[PDB]
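Engineer: The file below is query13.cif, mmCIF, C-alpha atoms:
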data_run
#
loop_
_atom_site.label_atom_id
_atom_site.label_comp_id
_atom_site.auth_asym_id
_atom_site.auth_seq_id
_atom_site.Cartn_x
_atom_site.Cartn_y
_atom_site.Cartn_z
CA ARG A 1 153.29 104.24 61.53
CA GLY A 2 154.12 102.85 64.98
CA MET A 3 156.38 100.12 66.33
CA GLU A 4 158.14 101.63 69.36
CA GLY A 5 155.18 103.00 71.33
CA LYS A 6 153.39 99.64 71.25
CA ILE A 7 156.26 97.92 73.08
CA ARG A 8 156.44 100.16 76.16
CA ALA A 9 152.64 100.01 76.57
CA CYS A 10 152.54 96.28 77.40
CA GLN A 11 155.75 95.76 79.39
CA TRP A 12 154.81 98.53 81.84
CA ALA A 13 151.45 96.96 82.72
CA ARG A 14 152.98 93.54 83.44
CA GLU A 15 155.50 94.96 85.92
CA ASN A 16 152.78 96.94 87.76
CA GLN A 17 150.69 93.76 88.38
CA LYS A 18 148.06 94.92 85.86
CA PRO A 19 146.33 92.19 83.83
CA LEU A 20 146.10 92.22 80.04
CA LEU A 21 143.81 90.80 77.36
CA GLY A 22 144.32 88.64 74.30
CA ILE A 23 144.24 90.87 71.21
CA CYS A 24 145.55 89.96 67.78
CA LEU A 25 148.37 91.80 65.99
CA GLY A 26 150.32 91.67 69.25
CA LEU A 27 152.34 88.47 69.02
CA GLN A 28 155.13 90.32 67.20
CA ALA A 29 155.58 92.82 70.05
CA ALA A 30 154.97 90.40 72.94
CA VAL A 31 158.14 88.41 72.14
CA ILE A 32 160.27 91.57 72.06
CA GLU A 33 159.61 92.84 75.59
CA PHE A 34 159.84 89.30 76.99
CA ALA A 35 163.34 88.67 75.63
CA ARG A 36 164.71 92.02 76.85
CA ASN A 37 163.31 91.95 80.40
CA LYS A 38 163.67 88.27 81.31
CA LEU A 39 166.89 87.82 79.32
CA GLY A 40 168.49 90.52 77.18
CA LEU A 41 168.04 89.98 73.43
CA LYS A 42 168.35 93.46 71.92
CA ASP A 43 168.85 92.24 68.34
CA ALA A 44 165.28 90.90 68.23
CA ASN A 45 163.30 93.86 66.90
CA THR A 46 160.45 94.49 64.46
CA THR A 47 160.27 91.82 61.75
CA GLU A 48 157.17 93.00 59.86
CA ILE A 49 159.00 96.12 58.59
CA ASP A 50 162.70 95.29 58.08
CA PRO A 51 163.43 91.52 58.12
CA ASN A 52 167.20 91.82 58.46
CA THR A 53 167.81 90.87 62.11
CA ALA A 54 169.37 87.57 63.19
CA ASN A 55 166.99 86.81 66.09
CA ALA A 56 163.82 87.04 63.99
CA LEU A 57 161.41 84.88 65.98
CA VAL A 58 158.13 85.56 64.15
CA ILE A 59 158.61 85.90 60.39
CA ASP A 60 156.34 85.78 57.32
CA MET A 61 155.62 82.17 56.31
CA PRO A 62 152.51 81.33 54.24
CA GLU A 63 150.55 78.07 54.28
CA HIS A 64 152.47 75.14 52.78
CA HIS A 65 149.78 72.49 53.36
CA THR A 66 146.55 71.74 51.50
CA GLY A 67 143.92 74.22 50.37
CA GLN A 68 146.06 77.35 50.06
CA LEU A 69 149.17 77.09 47.88
CA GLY A 70 151.93 79.67 47.63
CA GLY A 71 152.08 83.04 49.32
CA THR A 72 148.54 83.37 50.69
CA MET A 73 147.12 84.46 54.07
CA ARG A 74 146.92 82.44 57.29
CA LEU A 75 143.15 82.34 57.69
CA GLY A 76 140.11 80.19 56.99
CA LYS A 77 138.10 77.40 58.56
CA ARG A 78 140.82 75.91 60.79
CA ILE A 79 140.45 73.50 63.71
CA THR A 80 142.00 74.76 66.96
CA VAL A 81 142.88 72.08 69.53
CA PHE A 82 144.03 73.03 73.03
CA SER A 83 146.81 71.34 75.00
CA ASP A 84 146.34 71.91 78.74
CA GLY A 85 143.14 72.02 80.79
CA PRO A 86 142.71 74.38 83.75
CA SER A 87 143.01 77.97 82.51
CA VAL A 88 140.89 81.10 82.01
CA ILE A 89 139.94 80.80 78.32
CA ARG A 90 138.87 77.14 78.34
CA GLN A 91 136.74 76.62 81.45
CA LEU A 92 134.08 79.04 80.17
CA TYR A 93 133.17 76.80 77.20
CA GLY A 94 132.08 73.88 79.39
CA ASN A 95 135.44 72.06 79.10
CA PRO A 96 135.62 71.53 75.31
CA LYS A 97 138.26 69.72 73.26
CA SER A 98 138.13 71.24 69.76
CA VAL A 99 136.71 74.74 69.24
CA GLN A 100 136.31 76.18 65.73
CA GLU A 101 138.00 79.59 65.60
CA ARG A 102 139.16 81.81 62.74
CA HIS A 103 142.27 83.99 62.49
CA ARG A 104 143.27 87.05 60.44
CA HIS A 105 147.05 87.32 60.15
CA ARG A 106 149.96 86.26 57.94
CA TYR A 107 152.97 85.89 60.27
CA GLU A 108 153.74 82.56 61.93
CA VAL A 109 156.01 81.51 64.79
CA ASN A 110 159.11 79.48 63.95
CA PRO A 111 159.29 76.13 65.80
CA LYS A 112 163.11 76.33 65.88
CA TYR A 113 163.35 79.66 67.77
CA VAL A 114 161.11 78.69 70.71
CA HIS A 115 163.93 77.07 72.68
CA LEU A 116 164.03 79.86 75.28
CA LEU A 117 160.23 79.85 75.70
CA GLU A 118 160.09 76.29 77.08
CA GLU A 119 162.86 76.56 79.70
CA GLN A 120 161.03 79.44 81.44
CA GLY A 121 157.48 80.01 82.66
CA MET A 122 155.99 80.55 79.19
CA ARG A 123 153.66 77.59 78.69
CA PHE A 124 151.38 76.93 75.71
CA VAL A 125 147.75 76.23 76.63
CA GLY A 126 146.72 76.11 72.97
CA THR A 127 148.28 74.64 69.84
CA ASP A 128 147.16 73.56 66.35
CA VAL A 129 146.43 70.25 64.62
CA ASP A 130 150.12 69.78 63.72
CA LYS A 131 151.68 70.76 67.09
CA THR A 132 153.95 73.29 65.37
CA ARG A 133 152.23 76.70 65.42
CA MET A 134 151.94 78.22 68.91
CA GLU A 135 148.82 80.32 68.43
CA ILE A 136 148.02 80.58 72.16
CA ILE A 137 150.68 81.62 74.68
CA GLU A 138 150.48 82.18 78.43
CA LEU A 139 152.98 83.51 80.98
CA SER A 140 153.12 81.64 84.29
CA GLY A 141 153.19 83.56 87.56
CA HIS A 142 151.04 86.41 86.25
CA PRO A 143 147.62 86.65 87.96
CA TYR A 144 145.74 87.13 84.66
CA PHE A 145 147.63 86.99 81.35
CA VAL A 146 145.68 86.24 78.15
CA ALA A 147 147.31 86.18 74.71
CA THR A 148 146.24 84.44 71.51
CA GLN A 149 145.72 85.10 67.79
CA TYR A 150 141.99 84.80 67.08
CA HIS A 151 139.43 87.57 67.65
CA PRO A 152 137.01 86.72 70.49
CA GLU A 153 135.51 90.23 70.43
CA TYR A 154 133.50 89.65 67.25
CA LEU A 155 131.96 86.50 68.79
CA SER A 156 130.61 88.45 71.79
CA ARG A 157 127.06 87.07 71.78
CA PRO A 158 124.51 88.52 74.23
CA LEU A 159 123.83 85.00 75.56
CA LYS A 160 127.51 83.92 75.68
CA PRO A 161 130.11 86.31 77.13
CA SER A 162 133.61 86.49 75.70
CA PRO A 163 136.48 84.61 77.38
CA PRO A 164 139.02 87.40 78.05
CA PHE A 165 137.24 90.63 79.00
CA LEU A 166 134.66 88.84 81.18
CA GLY A 167 137.22 86.88 83.21
CA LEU A 168 139.07 90.05 84.20
CA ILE A 169 136.07 91.62 85.93
CA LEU A 170 135.03 88.39 87.66
CA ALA A 171 138.54 87.82 89.03
CA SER A 172 138.82 91.46 90.18
CA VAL A 173 136.38 91.85 93.08
CA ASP A 174 134.39 88.56 92.85
CA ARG A 175 131.10 90.34 93.61
CA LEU A 176 128.40 87.71 93.09
CA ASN A 177 125.99 88.69 95.91
CA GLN A 178 124.33 91.42 93.82
CA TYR A 179 121.55 89.35 92.23
CA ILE A 180 120.14 88.49 95.67
CA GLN A 181 119.96 92.14 96.78
CA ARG A 182 117.43 93.13 94.09
CA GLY A 183 114.13 91.26 93.85
CA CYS A 184 112.49 92.75 90.75
CA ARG A 185 111.00 96.07 91.88
CA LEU A 186 108.93 96.50 88.69
CA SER A 187 106.85 93.37 89.22
CA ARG B 1 104.82 145.76 108.17
CA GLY B 2 102.51 144.33 105.51
CA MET B 3 98.78 144.65 104.80
CA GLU B 4 98.18 145.21 101.06
CA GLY B 5 100.32 142.47 99.52
CA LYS B 6 98.62 139.78 101.61
CA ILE B 7 95.21 140.67 100.12
CA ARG B 8 96.08 140.28 96.43
CA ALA B 9 97.90 136.99 97.13
CA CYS B 10 94.82 135.01 98.23
CA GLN B 11 92.25 136.37 95.75
CA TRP B 12 94.53 135.65 92.78
CA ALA B 13 94.59 131.91 93.53
CA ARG B 14 90.81 131.65 93.98
CA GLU B 15 90.04 133.14 90.56
CA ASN B 16 92.41 130.66 88.85
CA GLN B 17 90.60 127.64 90.39
CA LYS B 18 93.57 126.88 92.60
CA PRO B 19 93.00 125.23 95.99
CA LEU B 20 94.04 126.82 99.27
CA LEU B 21 94.84 125.68 102.80
CA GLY B 22 93.52 126.65 106.22
CA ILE B 23 96.13 128.84 107.93
CA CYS B 24 95.49 131.12 110.89
CA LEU B 25 96.00 134.90 110.86
CA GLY B 26 94.14 134.98 107.55
CA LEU B 27 90.51 135.50 108.51
CA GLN B 28 91.04 139.28 108.59
CA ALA B 29 92.15 139.36 104.93
CA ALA B 30 89.80 136.66 103.62
CA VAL B 31 86.71 138.80 104.33
CA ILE B 32 88.19 141.79 102.49
CA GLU B 33 88.69 140.18 99.07
CA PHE B 34 85.32 138.41 99.31
CA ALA B 35 83.35 141.63 99.85
CA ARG B 36 85.05 143.49 96.98
CA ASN B 37 84.87 140.78 94.30
CA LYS B 38 81.46 139.23 95.01
CA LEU B 39 79.90 142.55 96.07
CA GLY B 40 81.81 145.82 96.33
CA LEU B 41 82.52 146.89 99.92
CA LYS B 42 85.57 149.14 99.64
CA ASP B 43 85.20 150.66 103.13
CA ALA B 44 85.97 147.28 104.74
CA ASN B 45 89.75 147.42 105.15
CA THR B 46 92.34 146.41 107.76
CA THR B 47 90.91 146.45 111.29
CA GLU B 48 93.96 145.25 113.25
CA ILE B 49 95.87 148.48 112.48
CA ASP B 50 93.37 151.38 112.36
CA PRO B 51 89.88 150.50 113.71
CA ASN B 52 88.10 153.54 112.28
CA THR B 53 86.13 152.05 109.37
CA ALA B 54 82.37 151.56 109.42
CA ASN B 55 82.27 148.06 107.88
CA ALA B 56 84.62 146.50 110.46
CA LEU B 57 83.62 142.84 110.30
CA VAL B 58 86.32 141.24 112.47
CA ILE B 59 87.26 143.43 115.44
CA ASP B 60 89.10 142.90 118.74
CA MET B 61 86.78 141.36 121.35
CA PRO B 62 88.22 139.42 124.32
CA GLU B 63 86.56 136.57 126.21
CA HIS B 64 83.53 137.67 128.24
CA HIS B 65 82.60 134.22 129.61
CA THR B 66 84.07 132.15 132.44
CA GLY B 67 87.75 131.47 133.01
CA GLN B 68 89.29 134.54 131.38
CA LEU B 69 87.98 137.94 132.51
CA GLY B 70 88.73 141.27 130.88
CA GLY B 71 91.03 141.93 127.96
CA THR B 72 92.77 138.56 127.59
CA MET B 73 93.60 136.34 124.59
CA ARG B 74 91.28 133.97 122.71
CA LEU B 75 93.08 130.70 123.42
CA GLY B 76 93.08 127.72 125.76
CA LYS B 77 91.44 124.34 126.15
CA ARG B 78 88.27 125.00 124.13
CA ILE B 79 85.77 122.50 122.73
CA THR B 80 85.18 122.80 118.98
CA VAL B 81 81.91 121.34 117.67
CA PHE B 82 81.24 121.08 113.94
CA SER B 83 77.92 121.81 112.22
CA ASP B 84 77.72 119.99 108.87
CA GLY B 85 78.96 116.54 107.92
CA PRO B 86 80.39 115.79 104.47
CA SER B 87 83.49 117.94 103.93
CA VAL B 88 87.27 117.64 103.56
CA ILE B 89 88.41 118.38 107.14
CA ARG B 90 85.97 116.09 108.98
CA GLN B 91 85.89 112.80 107.08
CA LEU B 92 89.57 112.16 107.86
CA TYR B 93 88.94 111.88 111.62
CA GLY B 94 86.59 108.91 111.27
CA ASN B 95 83.42 111.06 111.40
CA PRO B 96 83.80 112.67 114.86
CA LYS B 97 81.45 115.03 116.68
CA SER B 98 83.62 117.06 119.08
CA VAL B 99 87.36 117.50 118.43
CA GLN B 100 89.61 119.27 120.95
CA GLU B 101 91.55 122.01 119.15
CA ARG B 102 93.47 125.06 120.37
CA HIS B 103 93.72 128.53 118.84
CA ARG B 104 96.21 131.41 119.01
CA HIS B 105 94.51 134.71 118.14
CA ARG B 106 92.65 137.62 119.73
CA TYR B 107 90.22 138.89 117.05
CA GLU B 108 86.68 137.51 116.84
CA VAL B 109 83.95 137.69 114.20
CA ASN B 110 80.89 139.79 114.98
CA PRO B 111 77.59 137.84 114.78
CA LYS B 112 75.75 140.98 113.59
CA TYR B 113 77.89 141.60 110.48
CA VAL B 114 77.53 138.12 108.95
CA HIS B 115 74.27 138.92 107.17
CA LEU B 116 75.87 138.93 103.71
CA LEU B 117 77.73 135.66 104.37
CA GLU B 118 74.55 133.58 104.74
CA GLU B 119 72.70 134.78 101.62
CA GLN B 120 75.58 133.65 99.38
CA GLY B 121 77.61 130.46 99.03
CA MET B 122 79.65 130.95 102.21
CA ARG B 123 78.56 128.14 104.53
CA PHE B 124 79.93 127.35 108.00
CA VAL B 125 81.03 123.73 108.47
CA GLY B 126 82.34 124.45 111.96
CA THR B 127 81.11 126.56 114.87
CA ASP B 128 81.67 126.78 118.64
CA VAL B 129 79.76 125.67 121.74
CA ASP B 130 77.66 128.87 121.73
CA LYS B 131 76.83 129.04 117.99
CA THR B 132 78.14 132.61 117.79
CA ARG B 133 81.81 132.51 116.75
CA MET B 134 82.34 131.32 113.16
CA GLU B 135 85.80 129.82 113.52
CA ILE B 136 85.51 127.61 110.40
CA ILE B 137 84.38 129.05 107.07
CA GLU B 138 84.00 127.44 103.65
CA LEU B 139 83.22 128.86 100.21
CA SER B 140 80.76 126.84 98.13
CA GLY B 141 81.51 126.13 94.48
CA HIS B 142 85.27 126.00 94.99
CA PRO B 143 86.77 122.53 94.38
CA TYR B 144 88.96 122.65 97.52
CA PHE B 145 88.68 125.61 99.91
CA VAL B 146 89.92 125.18 103.49
CA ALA B 147 89.87 128.02 106.02
CA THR B 148 89.77 127.91 109.82
CA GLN B 149 91.48 129.38 112.89
CA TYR B 150 93.34 126.54 114.62
CA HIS B 151 96.80 125.28 113.62
CA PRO B 152 96.67 121.72 112.20
CA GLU B 153 100.32 121.90 111.10
CA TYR B 154 101.72 121.49 114.63
CA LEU B 155 99.60 118.34 115.11
CA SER B 156 101.12 116.64 112.04
CA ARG B 157 101.82 113.25 113.60
CA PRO B 158 103.76 110.65 111.57
CA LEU B 159 100.90 108.16 112.06
CA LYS B 160 98.07 110.68 111.46
CA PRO B 161 98.38 113.09 108.51
CA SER B 162 97.05 116.62 108.70
CA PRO B 163 93.60 117.46 107.26
CA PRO B 164 94.40 120.25 104.78
CA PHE B 165 97.73 119.58 103.06
CA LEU B 166 97.05 115.84 102.69
CA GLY B 167 93.61 116.22 101.10
CA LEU B 168 95.01 118.51 98.40
CA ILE B 169 97.48 115.97 97.01
CA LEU B 170 94.97 113.11 97.16
CA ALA B 171 92.33 115.13 95.28
CA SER B 172 94.87 116.27 92.66
CA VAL B 173 95.78 113.18 90.62
CA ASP B 174 94.17 110.38 92.72
CA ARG B 175 97.15 108.07 92.21
CA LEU B 176 96.55 105.04 94.45
CA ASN B 177 97.93 102.23 92.24
CA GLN B 178 101.55 102.86 93.30
CA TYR B 179 101.75 100.61 96.37
CA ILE B 180 100.80 97.57 94.25
CA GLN B 181 103.74 98.16 91.88
CA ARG B 182 106.59 97.79 94.39
CA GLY B 183 105.66 94.64 96.30
CA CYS B 184 108.49 94.78 98.87
CA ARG B 185 111.72 94.60 96.86
CA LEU B 186 113.90 93.94 99.93
CA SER B 187 112.24 90.66 100.86
#
So that I can check it, write out the structure of this file as structure tokens.
Structural biologist:
Amino acid sequence: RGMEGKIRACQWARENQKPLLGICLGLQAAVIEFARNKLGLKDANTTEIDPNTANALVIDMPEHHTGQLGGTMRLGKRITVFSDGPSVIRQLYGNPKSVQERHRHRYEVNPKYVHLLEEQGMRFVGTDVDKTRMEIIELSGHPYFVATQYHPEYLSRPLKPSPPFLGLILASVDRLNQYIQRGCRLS
Amino acid sequence: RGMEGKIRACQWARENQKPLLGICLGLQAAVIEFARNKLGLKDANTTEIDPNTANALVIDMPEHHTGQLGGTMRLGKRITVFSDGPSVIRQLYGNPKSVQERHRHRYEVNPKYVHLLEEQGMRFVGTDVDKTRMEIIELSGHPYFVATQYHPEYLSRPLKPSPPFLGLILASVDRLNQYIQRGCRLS
């Protein structure tokens, strides 16, 4: 019920210097517009509907390790370990090293079709415990580009803001001199 | 161009316990509604248009003293001396004794037709230097009744509020705990 309109909605914002956020169910469409604009891979299309193309980057591969056996779903209590350091979704947690996050998807990225993602400005500021699944991707040169697989919106605590949507407003106007202009009128 | 509508406008507010203010050019109509409601003098009507009635209280009498001779106007640097003490238009001046006020009218009150104003609740909290002209009148029993001849609106200084309009808001809700709620927000 929609696979073409979701592609033109993200590639147009990146060309018009508009930042984006990291929302799940978007890793299948993010690799399509990146291969057609930076390079020119037209064969790479939608893989979650008709898996018949030759340049199928993200396919359907279940968990072949412990715990879940056979064709299951890629979710559960998994340990997410980052790779880099200075970024926009890591400095807000007080410089951690291993954050516990949960996912809700079933498609995984193939480690053999990521050859063209390393020779460009498409770094990986977040991997897994096996250094195979690229769950967190980031495009260099963009002023604010966030893309991952987990859902940080459900963890939006009132005492702890979310990584992506909060960093976009702070890096927009950088207005921090508002707390000193008040002074508690109802005191 | 108007003499009947101005009479029913002042007596309607006094019956509904509503306060009034002291505005000039109103002493000719204030004595008409008071003689018809408290007593029943229908002959006393408008004297500034057709002076043919028998109960003409306020007529046209110029100044017969020094300075102005003949048919002139009742105005100029005149000394106004009060008579009573506790009121609403005297306690705001720091308890004075002789305030310099100016008028702008030509009709005076007759001292021989004020016999019915002394036997009722119509005191005089302000006279002149001859104790003949009743320039300030007040109705007893009313919660806030102000009536005089001078114009306190033109003397509304930003550092000294006017007697009549300021005393009506203060005696309405008596809200004085508002300045302690702010506390200088822009500090």
Engineer: May I have the centre and edge lengths, in Å to one decimal, of an axis-aligned box around the listed atoms of range 109-122 of chain A with 5 Å added to every side, as AutoDock Vina command-line options?
Structural biologist:
--center_x 160.0 --center_y 78.8 --center_z 73.3 --size_x 18.0 --size_y 15.4 --size_z 28.7
Engineer: Residues at most 7 Å from residue 149 in chain B, counting only C-alpha atoms, excluding those fewer than 2 positions away in the same chain, as a short mmCIF file (atom, residue, chain, number, x, y, z; two decimals) with C-alpha atoms, in the coordinates of the input?
Structural biologist:
data_model
loop_
_atom_site.label_atom_id
_atom_site.label_comp_id
_atom_site.auth_asym_id
_atom_site.auth_seq_id
_atom_site.Cartn_x
_atom_site.Cartn_y
_atom_site.Cartn_z
CA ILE B 23 96.13 128.84 107.93
CA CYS B 24 95.49 131.12 110.89
CA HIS B 103 93.72 128.53 118.84
CA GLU B 135 85.80 129.82 113.52
CA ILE B 136 85.51 127.61 110.40
CA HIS B 151 96.80 125.28 113.62
#
Engineer: Write out the coordinates of chain A as a compact mmCIF listing (two decimals) with C-alpha atoms, keeping the file's coordinate frame after a least-squares overlay onto chain B built on all ordered Cα pairs.
Structural biologist:
# COMPACT_ATOMS: atom_id res chain seq x y z
CA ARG A 1 104.81 145.55 108.04
CA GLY A 2 102.40 144.17 105.44
CA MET A 3 98.66 144.38 104.84
CA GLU A 4 98.24 145.05 101.10
CA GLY A 5 100.41 142.29 99.61
CA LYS A 6 98.60 139.59 101.60
CA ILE A 7 95.25 140.47 99.99
CA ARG A 8 96.24 140.10 96.32
CA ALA A 9 97.98 136.78 97.05
CA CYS A 10 94.76 134.91 97.96
CA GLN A 11 92.19 136.45 95.60
CA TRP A 12 94.34 135.65 92.55
CA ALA A 13 94.57 131.94 93.37
CA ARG A 14 90.80 131.57 93.80
CA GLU A 15 90.05 133.06 90.38
CA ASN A 16 92.63 130.79 88.67
CA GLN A 17 90.95 127.61 90.06
CA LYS A 18 93.88 127.02 92.44
CA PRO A 19 93.03 125.47 95.83
CA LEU A 20 94.11 126.97 99.15
CA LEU A 21 94.79 125.75 102.68
CA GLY A 22 93.51 126.70 106.11
CA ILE A 23 96.14 128.84 107.85
CA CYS A 24 95.56 131.08 110.84
CA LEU A 25 96.05 134.86 110.84
CA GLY A 26 94.14 134.96 107.56
CA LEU A 27 90.53 135.49 108.59
CA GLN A 28 91.05 139.26 108.62
CA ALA A 29 92.17 139.32 104.97
CA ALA A 30 89.79 136.63 103.67
CA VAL A 31 86.71 138.80 104.36
CA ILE A 32 88.22 141.77 102.51
CA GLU A 33 88.74 140.16 99.10
CA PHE A 34 85.37 138.38 99.34
CA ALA A 35 83.38 141.59 99.84
CA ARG A 36 85.12 143.44 96.99
CA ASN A 37 84.91 140.70 94.33
CA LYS A 38 81.48 139.20 95.03
CA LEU A 39 79.94 142.53 96.07
CA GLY A 40 81.86 145.80 96.33
CA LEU A 41 82.57 146.88 99.92
CA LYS A 42 85.64 149.12 99.65
CA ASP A 43 85.26 150.64 103.13
CA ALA A 44 86.03 147.28 104.75
CA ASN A 45 89.81 147.38 105.17
CA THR A 46 92.40 146.38 107.77
CA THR A 47 90.97 146.41 111.30
CA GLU A 48 94.00 145.18 113.25
CA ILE A 49 95.93 148.41 112.52
CA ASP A 50 93.46 151.33 112.32
CA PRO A 51 89.99 150.47 113.71
CA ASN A 52 88.20 153.50 112.27
CA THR A 53 86.21 152.03 109.37
CA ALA A 54 82.43 151.57 109.43
CA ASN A 55 82.32 148.06 107.89
CA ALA A 56 84.66 146.50 110.46
CA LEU A 57 83.65 142.84 110.31
CA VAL A 58 86.35 141.24 112.48
CA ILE A 59 87.31 143.42 115.45
CA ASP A 60 89.14 142.88 118.76
CA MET A 61 86.80 141.37 121.37
CA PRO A 62 88.22 139.44 124.35
CA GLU A 63 86.55 136.59 126.24
CA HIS A 64 83.53 137.70 128.27
CA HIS A 65 82.60 134.25 129.63
CA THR A 66 84.11 132.16 132.42
CA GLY A 67 87.78 131.46 133.04
CA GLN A 68 89.32 134.53 131.40
CA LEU A 69 88.04 137.92 132.55
CA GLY A 70 88.79 141.25 130.92
CA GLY A 71 91.06 141.91 127.98
CA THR A 72 92.82 138.55 127.61
CA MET A 73 93.62 136.32 124.61
CA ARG A 74 91.27 133.97 122.75
CA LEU A 75 93.04 130.69 123.46
CA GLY A 76 93.01 127.71 125.80
CA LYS A 77 91.38 124.32 126.18
CA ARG A 78 88.20 124.99 124.16
CA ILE A 79 85.70 122.48 122.77
CA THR A 80 85.13 122.79 119.01
CA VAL A 81 81.84 121.35 117.71
CA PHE A 82 81.17 121.10 113.97
CA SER A 83 77.86 121.85 112.25
CA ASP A 84 77.65 120.03 108.90
CA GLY A 85 78.89 116.57 107.95
CA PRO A 86 80.32 115.81 104.50
CA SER A 87 83.41 117.96 103.95
CA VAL A 88 87.19 117.65 103.61
CA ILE A 89 88.35 118.39 107.18
CA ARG A 90 85.89 116.12 109.01
CA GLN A 91 85.80 112.82 107.13
CA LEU A 92 89.48 112.14 107.91
CA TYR A 93 88.84 111.86 111.67
CA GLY A 94 86.47 108.90 111.33
CA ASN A 95 83.31 111.07 111.45
CA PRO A 96 83.72 112.69 114.90
CA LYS A 97 81.37 115.05 116.74
CA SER A 98 83.55 117.07 119.14
CA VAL A 99 87.28 117.47 118.47
CA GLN A 100 89.53 119.24 120.99
CA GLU A 101 91.49 121.97 119.19
CA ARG A 102 93.42 125.01 120.40
CA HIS A 103 93.66 128.48 118.84
CA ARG A 104 96.16 131.36 119.03
CA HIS A 105 94.50 134.66 118.15
CA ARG A 106 92.67 137.60 119.73
CA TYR A 107 90.24 138.88 117.07
CA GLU A 108 86.70 137.51 116.86
CA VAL A 109 83.96 137.70 114.23
CA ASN A 110 80.91 139.82 114.99
CA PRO A 111 77.61 137.88 114.78
CA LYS A 112 75.78 141.02 113.60
CA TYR A 113 77.92 141.65 110.48
CA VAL A 114 77.56 138.16 108.96
CA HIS A 115 74.29 138.97 107.20
CA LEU A 116 75.89 138.96 103.73
CA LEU A 117 77.74 135.68 104.40
CA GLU A 118 74.55 133.61 104.77
CA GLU A 119 72.69 134.81 101.65
CA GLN A 120 75.57 133.64 99.40
CA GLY A 121 77.57 130.44 99.06
CA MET A 122 79.64 130.96 102.22
CA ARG A 123 78.54 128.16 104.55
CA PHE A 124 79.91 127.37 108.01
CA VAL A 125 80.98 123.75 108.50
CA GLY A 126 82.32 124.48 111.98
CA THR A 127 81.08 126.58 114.89
CA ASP A 128 81.63 126.80 118.67
CA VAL A 129 79.72 125.71 121.77
CA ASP A 130 77.65 128.93 121.76
CA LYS A 131 76.82 129.08 118.01
CA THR A 132 78.14 132.65 117.80
CA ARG A 133 81.82 132.52 116.76
CA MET A 134 82.35 131.32 113.18
CA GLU A 135 85.80 129.79 113.53
CA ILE A 136 85.51 127.59 110.42
CA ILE A 137 84.37 129.04 107.08
CA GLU A 138 84.01 127.43 103.66
CA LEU A 139 83.18 128.85 100.22
CA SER A 140 80.76 126.79 98.13
CA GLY A 141 81.49 126.13 94.46
CA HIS A 142 85.26 126.04 94.95
CA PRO A 143 86.81 122.60 94.29
CA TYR A 144 88.98 122.71 97.44
CA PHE A 145 88.71 125.65 99.85
CA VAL A 146 89.89 125.19 103.45
CA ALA A 147 89.84 128.02 106.01
CA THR A 148 89.76 127.90 109.80
CA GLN A 149 91.48 129.37 112.87
CA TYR A 150 93.34 126.53 114.61
CA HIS A 151 96.79 125.25 113.62
CA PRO A 152 96.65 121.71 112.19
CA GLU A 153 100.31 121.85 111.14
CA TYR A 154 101.66 121.40 114.67
CA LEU A 155 99.49 118.27 115.10
CA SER A 156 101.05 116.59 112.04
CA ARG A 157 101.75 113.18 113.59
CA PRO A 158 103.66 110.58 111.54
CA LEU A 159 100.79 108.10 112.09
CA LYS A 160 97.98 110.63 111.46
CA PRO A 161 98.24 113.01 108.48
CA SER A 162 96.93 116.56 108.70
CA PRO A 163 93.49 117.44 107.29
CA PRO A 164 94.30 120.26 104.83
CA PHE A 165 97.64 119.62 103.11
CA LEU A 166 96.96 115.88 102.68
CA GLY A 167 93.54 116.33 101.08
CA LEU A 168 94.94 118.60 98.38
CA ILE A 169 97.35 115.99 97.02
CA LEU A 170 94.81 113.15 97.19
CA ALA A 171 92.19 115.19 95.31
CA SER A 172 94.75 116.29 92.68
CA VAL A 173 95.61 113.17 90.67
CA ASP A 174 94.00 110.41 92.81
CA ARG A 175 96.97 108.07 92.27
CA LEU A 176 96.34 105.11 94.57
CA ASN A 177 97.69 102.27 92.37
CA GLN A 178 101.30 102.88 93.45
CA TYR A 179 101.43 100.54 96.45
CA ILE A 180 100.61 97.55 94.23
CA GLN A 181 103.42 98.30 91.76
CA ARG A 182 106.20 97.80 94.33
CA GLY A 183 106.43 94.52 96.23
CA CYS A 184 109.26 95.12 98.71
CA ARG A 185 112.48 94.66 96.71
CA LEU A 186 114.68 94.55 99.83
CA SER A 187 113.06 91.44 101.27
Engineer: Apply the PyMOL selection byres ((chain B) within 7 of (chain A)) to the file shown and report the selected residues as a count of residues only.
Structural biologist: 4
Engineer: For range 63-77 of chain B, work out the shell of residues within 6 Å, counting all atoms listed in the file and skipping chain neighbours fewer than 5 positions away, then give it as a CSV table (one decimal) with C-alpha atoms, in the coordinates of the input.
Structural biologist:
chain,number,residue,atom,x,y,z
B,103,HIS,CA,93.7,128.5,118.8
B,104,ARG,CA,96.2,131.4,119.0
B,105,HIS,CA,94.5,134.7,118.1
B,106,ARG,CA,92.6,137.6,119.7
Engineer: Name the residues that the PyMOL selection byres ((chain A and resi 39-47) around 9) picks from the file above, as a PyMOL selection string, using the file's chain letters and numbers.
Structural biologist: chain A and resi 3-4+28-29+31-32+34-38+48-60
Engineer: So what does the PyMOL selection byres ((chain A and resi 137) around 8) actually pick up in this one, as number ranges by chain?
Structural biologist: A: 122-126, 134-136, 138-139, 146-148
Engineer: Set the distance at 12 Å and use all atoms listed in the file: which residues neighbour range 90-94 of chain B once local chain neighbours fewer than 2 positions away are removed? I'd like the list as JSON, numbers by chain.
Structural biologist: {"B": [81, 82, 83, 84, 85, 86, 87, 88, 96, 97, 98, 99, 100, 125, 126, 136, 146, 160, 161, 162, 163, 164, 166, 167]}
Engineer: So what do you get for CA of residue 95 in chain A versus CA of residue 118 in chain A, distance-wise?
Structural biologist: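 Result for CA of residue 95 in chain A versus CA of residue 118 in chain A: 25.1 Å, one decimal.
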